[PDB]
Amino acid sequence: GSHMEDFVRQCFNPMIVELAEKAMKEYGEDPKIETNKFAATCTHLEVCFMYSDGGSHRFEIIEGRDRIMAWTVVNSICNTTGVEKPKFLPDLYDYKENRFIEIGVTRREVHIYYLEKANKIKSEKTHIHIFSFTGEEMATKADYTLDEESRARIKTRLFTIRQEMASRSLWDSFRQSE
């Protein structure tokens, strides 16, 4: 039982922790062992949720659901809006901008992480939005979807999590593991 596991459980709302646990066990991974990946799965989950709570019924949340139902909704959006079915599961869908969104949270330079995912998805359709634990962000065609206030809020949350890890001497392992 690690210090990181107890921190994760005390730092994040219980629904987020359980969803992160479910996702990992779906891929055979143990939150009790891969504890830095545990914290990461939760942050990304929280960021996605804060992101969806930043617009007006504007976004359809795709992250958090089980694989099959996530794809079911993706197909239903694709066969309603016309948009082609993504190669990989996205994180949200914008009914206002009419595009899927891939959210990223990284401990490295925002450029590197965006480039990796863009080359990964290849399709010019799914919109990419990267956040860092230092408050930078980078989004496709410089289009950041939400208003600055809701996005700055996410960056503040990420930096508070980073400081909380540091005070507990867990940050260096977390950063040195992505």
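Position 1 is the first residue in the sequence shown; the rest follow in order. Here the rigid core means the biggest group of C-alpha atoms that line up within 1.5 Å when the two forms are laid on top of each other.
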{"item": "Rigid core superposition result in 7 other deposited structures of this protein, more deviant of 142-150, 117-125 by Cα", "value": "117-125"}
{"item": "Count class of coordinate-free deposited residues lying between the neighbours residue 119 and residue 120", "value": "none"}
{"item": "Mean C-alpha temperature factor, higher of 20-28 and 150-158", "value": "20-28"}
{"item": "Higher-B stretch (mean Cα B-factor, as the entry records it), 29-37 or 127-135", "value": "29-37"}
{"item": "Identity of residue with top Cα B-factor, from 53, 143, 46, 109", "value": "109"}
{"item": "B-factor third for the C-alpha atom of residue 67 within its chain", "value": "middle"}
{"item": "CA B-factor placement of residue 94, once the chain's modelled residues are sorted into thirds", "value": "middle"}
{"item": "Chain third (lowest, middle, highest) by recorded CA B-factor, residue given as residue 83", "value": "highest"}
